[PDB]
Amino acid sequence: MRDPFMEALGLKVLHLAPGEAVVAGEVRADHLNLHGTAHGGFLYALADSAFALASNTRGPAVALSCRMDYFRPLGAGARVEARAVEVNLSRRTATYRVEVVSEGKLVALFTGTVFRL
């Protein structure tokens, strides 16, 4: 398993088991947006990566629809984690909840559904 984008973003896996995964990273200078806070795409990439790993432990799967709800902004240097858990596993689709956490606070909530190939 090699994910070029995860590697480019400096992400690491803290846990991987059937139906679940935790991916972590640190907000670097190149991850900031025009507001000076962690770009929504960086936080989403983090959650999506945990989502991808968790869902693929059940077999090949690709994202269909994902929702990202942002609660708190993060600045450079912030250590963040995306914790993915399985909500539903069906024959051709599956859904996961991914909590994005930093220093014990829920920074964002990701909800995604995949199509099982």
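By rigid core we mean the largest C-alpha set that fits within 1.5 Å across both forms. One rule holds for the numbers: they count along the sequence shown, beginning at 1.
- When the other structures are laid on the shown form by the core, the C-alphas of 43-51 and 28-36 differ in how far they drift in 4 other deposited structures of this protein; the larger average drift belongs to 28-36.
- Per-stretch averaging of Cα B factors for 31-39 and 45-53 places 31-39 on top.
- Remark: stretch with higher mean C-alpha B factor among 1-9 and 108-116 is 1-9.
- Sorting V85, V62, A82, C66 by the CA temperature factor given in the entry leaves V62 at the top.
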